[PDB]
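Down below is the structure, laid out as structure tokens.
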2 protein chains.
Amino acid sequence: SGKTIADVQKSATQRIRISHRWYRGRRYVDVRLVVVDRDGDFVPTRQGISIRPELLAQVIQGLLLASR
Amino acid sequence: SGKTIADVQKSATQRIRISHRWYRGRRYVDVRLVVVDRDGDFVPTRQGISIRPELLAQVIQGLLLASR
Ligand SMILES: [Cl-]
Ligand SMILES: [Cl-]
Ligand SMILES: [Cl-]
Ligand SMILES: [Cl-]
């Protein structure tokens, strides 16, 4: 599917995965909750968002604003 | 409810909203697709992630790395 850029460990069972995912000729930044399933593998969930490259700077500035 | 920090305009009917949200005493940073239900009325979808403040630096770093 997508190439993993960063895996941020939330807990023993959960991570936020930031990946590049190509779709129909555009490279999205996918930010997604991945959780360990009954087999023990982390698997992506539907709790995630696709950021096209032109919005990525605004999203980062938003997170900086949200920092304390 | 939560407090909106920044909205990133994605399409006419969509934004990526960065907000503060709380569970009882605990603050989180939430990044979420919001979309219209009724006219100009932006409701939150399950397409989003919640980040305790101590993970925010790693999410920012991932996103920056994803720009490359
Ligand atoms: Cl898009
Ligand atoms: Cl783009
Ligand atoms: Cl968390
Ligand atoms: Cl924290």
Side-chain angles (χ1 to χ4, degrees), chain A residues 1-37 39-68, chain B:
Chain A
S1 183
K3 163 196 151 69
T4 298
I5 303 300
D7 233 14
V8 178
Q9 200 76 30
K10 234 159 102 78
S11 71
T13 56
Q14 301 193 327
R15 305 173 157 162
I16 299 156
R17 181 157 296 168
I18 300 166
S19 66
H20 284 138
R21 288 231 311 250
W22 283 96
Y23 178 77
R24 302 195 178 173
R26 168 160 301 167
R27 192 176 70 185
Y28 295 84
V29 178
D30 185 85
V31 184
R32 194 169 297 276
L33 182 69
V34 312
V35 307
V36 312
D37 74 357
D39 287 313
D41 303 300
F42 282 88
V43 305
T45 66
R46 287 191 184 283
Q47 300 179 222
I49 191 163
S50 302
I51 310 168
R52 67 174 182 269
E54 69 163 311
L55 304 181
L56 195 58
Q58 289 173 261
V59 168
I60 294 164
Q61 282 303 300
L63 297 171
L64 286 168
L65 201 52
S67 300
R68 261 92 198 100
Chain B
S1 42
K3 176 188 192 206
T4 303
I5 303 301
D7 262 355
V8 179
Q9 203 78 226
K10 176 183 163 189
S11 30
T13 63
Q14 309 195 323
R15 282 179 213 178
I16 296 167
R17 177 164 288 168
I18 294 101
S19 63
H20 283 152
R21 303 224 261 157
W22 284 263
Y23 183 68
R24 340 260 270 199
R26 208 174 304 253
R27 200 178 47 78
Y28 287 94
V29 182
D30 189 83
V31 186
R32 195 161 298 279
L33 177 69
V34 301
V35 309
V36 154
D37 189 28
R38 305 167 297 179
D39 196 8
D41 170 33
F42 281 105
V43 301
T45 66
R46 79 170 88 85
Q47 269 53 75
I49 50 112
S50 298
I51 304 163
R52 61 174 183 281
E54 72 176 9
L55 302 175
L56 185 57
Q58 284 176 74
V59 171
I60 291 169
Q61 184 196 33
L63 289 174
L64 284 161
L65 288 169
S67 302
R68 268 121 283 291

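A note on names: the letters A, B, ... follow the listed sequences, proteins ahead of strands, and every chain is numbered from 1.
Only the side chain of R27(B) comes within contact range of chain A, judged by heavy atoms closer than 4.5 Å. Using a 4.5 Å cut-off between heavy atoms, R68(B) contacts chain A through its backbone alone, with no side-chain atom that close. Residue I49(B) touches chain A through its side chain alone, counting heavy-atom pairs closer than 4.5 Å. Interface remark: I18(B) contributes side-chain atoms only to the contact with chain A (heavy atom separation under 4.5 Å). If you measure heavy-atom distances from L56(B) to chain A, the contacts under 4.5 Å come from the side chain alone. Of the atoms belonging to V59(B), heavy atoms from both backbone and side chain fall under 4.5 Å from chain A. Interface residue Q9(B): only backbone heavy atoms are found under 4.5 Å from chain A.
At least one donor-acceptor pair under 3.5 Å links the side chain of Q47(B) to the backbone N or O of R46(A).
Between chain A and the residues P53(B), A6(B), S67(B), the largest count of heavy-atom pairs under 4.5 Å involves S67(B). Per-residue counts of heavy-atom pairs under 4.5 Å with chain A were compared for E54(B), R17(B), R52(B); the largest is that of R52(B). Top candidate by heavy-atom pairs under 4.5 Å with chain A, chosen from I16(B), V31(B), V29(B), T45(B), is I16(B).
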### Task
Might you work through the side chain to side chain contact (heavy atoms under 4.5 Å, CB included) test for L63(B) and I51(A), ending with a clear yes or no?
CA-CA 10 Å; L63(B) 289 174; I51(A) 310 168; 4.3 Å; yes
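Side-chain heavy atoms closer than 4.5 Å link hydrophobic residues (I, L, V, M, F, W, Y) into clusters, and following such links, possibly through other members, connects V36(B) to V34(B). Criterion: ILVMFWY side-chain heavy atoms under 4.5 Å apart, direct or through other members. Under it, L55(A) and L64(B) are part of a common hydrophobic cluster.
To the nearest 0.5 angstrom, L65(A) atom CG is 8.5 Å from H20(B) atom NE2. Expressed to the nearest 0.5 Å, how far CD1 of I60(A) lies from CD of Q61(B) amounts to 11.0 Å.
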